[PDB]
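Contents: one structure, followed by commentary.
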Amino acid sequence: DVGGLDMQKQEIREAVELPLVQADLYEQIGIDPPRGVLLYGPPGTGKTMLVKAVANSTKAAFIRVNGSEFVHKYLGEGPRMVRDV
Amino acid sequence: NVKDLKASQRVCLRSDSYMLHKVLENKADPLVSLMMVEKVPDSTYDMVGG
Amino acid sequence: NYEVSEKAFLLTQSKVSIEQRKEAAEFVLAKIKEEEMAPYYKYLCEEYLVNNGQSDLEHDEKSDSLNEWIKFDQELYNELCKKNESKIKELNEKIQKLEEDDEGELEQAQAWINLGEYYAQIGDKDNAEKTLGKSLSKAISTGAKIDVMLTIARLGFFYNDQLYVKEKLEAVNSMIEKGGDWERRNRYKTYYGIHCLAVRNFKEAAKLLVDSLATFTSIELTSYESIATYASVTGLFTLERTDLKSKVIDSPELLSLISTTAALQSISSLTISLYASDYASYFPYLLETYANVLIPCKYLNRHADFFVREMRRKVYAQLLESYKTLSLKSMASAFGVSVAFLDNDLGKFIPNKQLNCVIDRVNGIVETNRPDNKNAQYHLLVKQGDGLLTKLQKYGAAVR
Amino acid sequence: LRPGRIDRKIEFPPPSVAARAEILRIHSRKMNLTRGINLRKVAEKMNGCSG
Amino acid sequence: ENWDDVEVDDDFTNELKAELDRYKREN
């Protein structure tokens with residue numbers, strides 16, 4: 001439903017679903033796959049609206065957790081979140 | 001003995017008495033925090049021209 | 001220097017097409033005057049007896065090529081000695097100014113690189129291998145090792161060996177780093193399928209030798225017309241008829257060959273006759289392709305007629321599965337073949353376990369069968385009877 | 001900047017027709033391409049791209 | 001390589017041209 005970014009949104013299935021399905025295409029190219037993903041900008045303007053749209057195209061196990069204070073301010077509950085996640 | 005104990009070595013210690021039992025392992029593999037030192041990097045002869 | 005490599009070999013494998021040998025002969029005498037190579041031009045003449053249609057008159061009377069002299073004589077030494085010992089002592093003199101002053105890590109390595117490559121033009125044995133390793137130890141990167149690899153890679157057309165060429169380069173090729181290197185794919189996949197041509201596996205070469213990533217050839221390894229020829233010849237033997245339209249014509253390399261070089265003749269003959277399942281037209285194109293492809297072929301020319309007789313029936317064997325009841329003389333008379341010779345080749349394929357089908361002669365009722373059953377299902381265990389116990393009772397003598 | 005604290009300040013060559021094929025002659029090793037790729041001719045159609 | 005590989009009867013050349021000439025002369 002959300003269009004207009006399709007020029008920059010070509011990476012939705014290329015940077016997410018493509019390496020999980022076909023892993024031999026990156027070997028037939030020779031460039032590093034889009035592993036690290038960083039997105040900077042105002043949230044809620046369609047930046048985050050695209051994030052919630054990933055689960056629709058995927059329809060699989062999806063984990064969305066916002067770390068802000070999610071790490072503890074005292075010893076040992078922080079390391080709980082550092083590992084096992 | 002004290003002659004065979006190298007500096008910064010992982011050993012074993014008792015719970016209540018804290019007595020040293022035996023030397024378990026050696027110095028940890030990772031050094032400091034962020035180590036960018038690289039010998040013979042990925043660039044050998046031709047990577048960036050000019 | 002790929003032209004020197006191919007013309008020093010192809011002349012041996014051609015017993016037909018005098019015009020084809022002239023290109024493998026007239027292009028030798030012209031280049032040997034420029035080069036320094038005495039012995040490797042003589043080794044070509046050392047193989048004479050027990051051959052067909054050579055270019056020289058010594059023991060036999062033939063010499064059917066237009067160039068009648070392949071012999072090595074002392075007349076080559078006129079222009080040979082000019083650039084032979086002059087450039088060796090000159091380039092080695094620059095090395096004296098290298099190790100003393102220790103200028104750069106390239107100049108010490110590039111010196112022997114300009115030597116080992118030039119030693120191939122001198123035609124020396126130990127100088128093109130042992131002394132070339134001096135620069136191999138100075139440069140540990142895999143990028144500079146290509147010249148060391150290409151020197152041994154071109155020995156396949158020099159010493160004429162399909163075995164020890166990759167054996168000496170096996171440790172050099174593998175190493176550690178592999179990755180997605182493009183130039184390494186053309187070097188490994190080309191020579192890999194060549195070694196399997198004697199074993200006749202052909203399956204591991206279908207996705208490697210037959211399938212070429214580069215549209216144009218690699219020069220010093222093989223030829224553009226040669227790399228496109230082996231894809232059609234071997235591809236029809238391995239890939240089925242369904243994969244013919246999904247792969248061979250799918251690749252753009254074939255579309256460029258159709259509109260340029262029609263001399264192969266296998267694109268409009270073996271491909272169309274197999275796709276249309278027409279044995280009548282497929283028969284006369286066997287010898288026409290055999291003459292212009294398999295005879296000039298530099299690899300499979302050794303074993304040819306037996307390789308053709310196998311694929312000759314396979315075109316008709318697949319068509320047999322389509323029809324249930326067919327007489328002997330109905331469509332076979334229009335195919336342009338004789339009934340007597342048709343049964344002779346098929347009669348010898350019975351001990352090879354290549355016929356489960358129904359073939360009859362005196363009556364002529366010809367049917368098809370189902371090679372998938374519970375007989376060949378159990379045959380896997382019988383074949384492993386003597387092969388599984390070979391090493392079990394061997395080393396169990398002193399140990400265990 | 002002193003005579004012998006800092007000896008010379010090296011200046012790099014600006015990009016040009018021959019400087020646009022700089023990385024094209026190296027990175028093309030690990031990257032899959034075809035034989036119809038002319039490193040010098042395709043670089044003539046580019047601009048402001050060297051290293 | 002079994003005997004079928006080292007056999008090489010070299011009869012494929014003559015038998016192919018002969019059968020093509022026999023069919024054309026039956027017209």
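As a convention, Cβ positions derive from the backbone with ideal geometry for all residues, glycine included, and neighbour counts pool all protein chains shown. Basis: the model, the stated rules and, where named, an outside source; no laboratory read-out is quoted.
May I ask you to say which residue of C:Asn51, C:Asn84, C:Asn1, C:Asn78 is within 21 Å of the chain's Cα centre (by Cα) and more than 22 Å from C:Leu221 (Cβ to Cβ)? Working first, answer last.
Working: C:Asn84 fails: within 21 Å of the chain's Cα centre (by Cα); C:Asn1 fails: more than 22 Å from C:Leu221 (Cβ to Cβ); C:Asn78 fails: within 21 Å of the chain's Cα centre (by Cα).
Exactly one of C:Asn51, C:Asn84, C:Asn1, C:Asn78 is within 21 Å of the chain's Cα centre (by Cα) and more than 22 Å from C:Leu221 (Cβ to Cβ), namely C:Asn51.
Name the residues in segment C:307-339 that are part of a helix (DSSP H, G or I), of a type in the set (A, V, I, L, M, F, W, C) and surrounded by 15 or more Cβ atoms within 10 Å (Cβ to Cβ), would you?
Scanning segment C:307-339 gives C:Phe307, C:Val308, C:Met311, C:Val315, C:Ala317, C:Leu319, C:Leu320.
Condition check ((1) more than 30 Å from C:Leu239 (Cβ to Cβ); (2) hydrophobic (A, V, I, L, M, F, W, C); (3) under 32 Å from the mean Cα position of the chain (by Cα)) across all residues:
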residue: C:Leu326; (1), (2), (3): no, yes, no
residue: C:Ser338; (1), (2), (3): yes, no, no
residue: C:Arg370; (1), (2), (3): no, no, no
residue: C:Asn375; (1), (2), (3): no, no, no
residue: C:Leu388; (1), (2), (3): yes, yes, no
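Got a number for residues in segment D:10-46 being within 29 Å of A:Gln28 (Cβ to Cβ) and away from chain C (no Cβ under 14 Å)?
Adding up the residues that qualify gives 11.
Could you grab me the full set of residues in segment E:10-27 that are within 7 Å of chain C (Cβ to nearest Cβ) and either among the polar types (S, T, N, Q) or touching a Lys or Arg at 6+ places or on another chain (Cβ under 9 Å) (or both)?
Across segment E:10-27, the qualifying residues are E:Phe12, E:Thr13.
Kindly state which helices (runs of 4 or more DSSP H) lie completely within segment C:160-258 and contain at least 2 residues that are under 26 Å from A:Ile31 (Cα atoms) and in the same structural domain as C:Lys145 (by CATH). Outline the logic, then answer.
Values: elements: C:164-168, C:170-174, C:182-199, C:224-238, C:252-258.
The helices (runs of 4 or more DSSP H) meeting that bar are C:170-174, C:182-199, C:252-258.
Just to confirm my filter: which helices (runs of 4 or more DSSP H) fall fully inside segment A:1-65 and include at least 1 residues that are more than 14 Å from chain C (Cβ to nearest Cβ) and either within 30 Å of C:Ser212 (Cβ to Cβ) or of a type in the set (D, E, K, R) (or both)?
Because the criterion is at least 1 residues that are more than 14 Å from chain C (Cβ to nearest Cβ) and either within 30 Å of C:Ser212 (Cβ to Cβ) or of a type in the set (D, E, K, R) (or both), the helices (runs of 4 or more DSSP H) in segment A:1-65 that meet it are A:18-21, A:47-52.
Identify, please: which residue in segment C:114-135 is more than 14 Å from chain B (Cβ to nearest Cβ) and closer than 18 Å to C:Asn173 by Cβ and is, among those, surrounded by the most Cβ atoms within 10 Å (Cβ to Cβ)?
Out of the qualifying residues, it is C:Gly116.
Quick one: C:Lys245 ticks every box in (1) loosely packed, with under 14 Cβ neighbours inside 10 Å; (2) under 23 Å from C:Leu10 (Cβ atoms); (3) basic (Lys, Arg) bar one, so which box is it?
Result: C:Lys245 fails condition (2) only.
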